[PDB]
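Quick setup: one chain, the form deposited without the named molecule, written in structure tokens, and binding and motion questions come after.
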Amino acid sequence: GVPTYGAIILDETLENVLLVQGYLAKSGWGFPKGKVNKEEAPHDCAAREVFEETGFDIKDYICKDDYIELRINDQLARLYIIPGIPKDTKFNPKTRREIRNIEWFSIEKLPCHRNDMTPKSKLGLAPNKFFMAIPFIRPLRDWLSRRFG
């Protein structure tokens, strides 16, 4: 699959992260990210996708070595970590045709796994609106503990 790039944006307290909500198949909440274009550098794709989805330009803030990368079903997703962005920042996507809403979420309240259905003796996982963000949460919390305190 084609690699994806984006950002995990945190506020100044390091408490909260910015998630975006799409439509249809992308109807839940997830980090801003998207597919890399031909010959485009990872940092440029991340900034591009983040600016298209949030209206916020991370180019002056990206640190090259500060990201979380996950390979999920053979697609690689790398989110650059961008702390310190004020919570009163005005985010607006380029078009409401792709992005429904943009919100801050408390990191400590976000799930870092989906719940099974053991109550009902049924296999699998219950739906969770944070399903695209979930795989990054534990690695983010571990990364913040290491790199900050």
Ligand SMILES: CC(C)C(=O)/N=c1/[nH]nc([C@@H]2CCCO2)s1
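Counting begins at 1, following the sequence as shown. Here, rigid core means the biggest group of C-alpha atoms that superpose within 1.5 Å across both forms.
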Should one compare 108-116 and 91-99 by root mean square Cα distance from the shown form in 9 other deposited structures of this protein, core superposed, the larger belongs to 91-99
The stretch carrying the higher mean Cα B factor in the deposited entry, 113-121 or 56-64, is 113-121
Mean Cα B-factor check, 36-44 vs 81-89, entry values; winner is 36-44
When the entry's CA B-factors for 134, 24, 19, 14 are compared, the highest one belongs to 24
Of the three thirds of the chain ranked by Cα temperature factor, residue 2 occupies the highest
Assert third(CA B-factor, residue 100) within chain per record equals lowest
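Another form exists, deposited with the named molecule bound; not displayed. Remarks below refer to it.
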Using a 4.5 Å heavy atom cut-off, state whether residue 138 contacts the named molecule in the bound PDB entry.
no
Q) 21, 114 and 127: each with a heavy atom within 4.5 Å of the named molecule in the bound PDB entry? A) yes
Near the named molecule in the bound PDB entry, with a heavy atom at 4.5 Å or closer, the residues from 17-31 are 21, 27, 28
